[PDB]
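Visitor: with the input below, show me the fold.
(chains A, B and C)
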Amino acid sequence: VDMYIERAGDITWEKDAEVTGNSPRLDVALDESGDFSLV
Amino acid sequence: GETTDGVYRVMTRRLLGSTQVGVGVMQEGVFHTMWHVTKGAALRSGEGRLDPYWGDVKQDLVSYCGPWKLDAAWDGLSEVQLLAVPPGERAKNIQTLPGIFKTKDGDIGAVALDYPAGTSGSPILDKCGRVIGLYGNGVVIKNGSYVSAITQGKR
Amino acid sequence: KXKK
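Guide: Numbering: from 1, shown residues only, chains lettered A, B, ... in the order given. Here you go:
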């Protein structure tokens, strides 16, 4: 399998941007395989 | 020039078309992505090969060519931007105020933004443009929407 | 997630 990368842009903060989404406050656990779960 | 700074798509191909499986950040000669994007395997960059150097399945992170370089931290207060690079779509900046993953080992910033699986590894930015973590390891809440940790490695 |  050919797994390869392709450039997709510069990393820059965008001034005056759409602010969106909420800000949830969650209780979570992280297991040794990298999975997060709700507690 | 196979490691010029920037954000990159991570693609796979076999005998037919390509699939975007994730995204990552090239900084200071090192490629940074999430472990579940590459399963820690080597990457091609043009005619060159990037070998895995550091990683951790619990953090769901991997770096290529050298140690993890991204060290900026969410300040716990300010809005951030997801530089989302979804499959088949141009990179776009999305501004949001993170919520919080509260864990037994401390709090982690978390962003409530939903994108296709292949957007995994897209960088999250502070107002200085520094990468404060990568998007794509998270949870699904009751209504089916998504919350991603702001996953950052140790430099 | 279109959790990963």
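
Visitor: can we go C-alpha only for contacts and neighbour counts from here?
Guide: Fine.

Visitor: hmm, who's touching the top strand by length along chain A?
Guide: For chain A, the longest strand by residue count, based on DSSP state E, is strand A:2-9. Strand A:2-9 is contacted from outside by B:6-14, B:38, B:42-46, B:85, B:90-91, using Cα atoms under 8 Å, 6 or more residues apart in numbering or on different chains.

Visitor: list only buried entries from the residues you listed.
Guide: Among these, those buried by neighbour count (16 or more other Cα atoms under 10 Å in any protein chain shown) are B:6-12, B:38, B:42-45, B:85, B:91.

Visitor: how many residues are close by residue B:58?
Guide: 14 (other Cα atoms under 10 Å in any protein chain shown).

Visitor: and the contacts of strand A:2-9 near chain A, which?
Guide: Restricting the contacts of strand A:2-9 to those near chain A by Cα under 8 Å from any Cα of the partner chain leaves B:6-14, B:38, B:42-46, B:85, B:90-91.

Visitor: chain center to stretch B:124-133: distance?
Guide: Centroid separation for stretch B:124-133 versus its chain: 12 Å, with Cα atoms, centre = their mean, to the nearest Å.

Visitor: just the ones of the contacts of strand A:2-9 in strands?
Guide: B:6, B:7, B:8, B:9, B:10, B:11, B:12, B:13, B:43, B:44, B:45.
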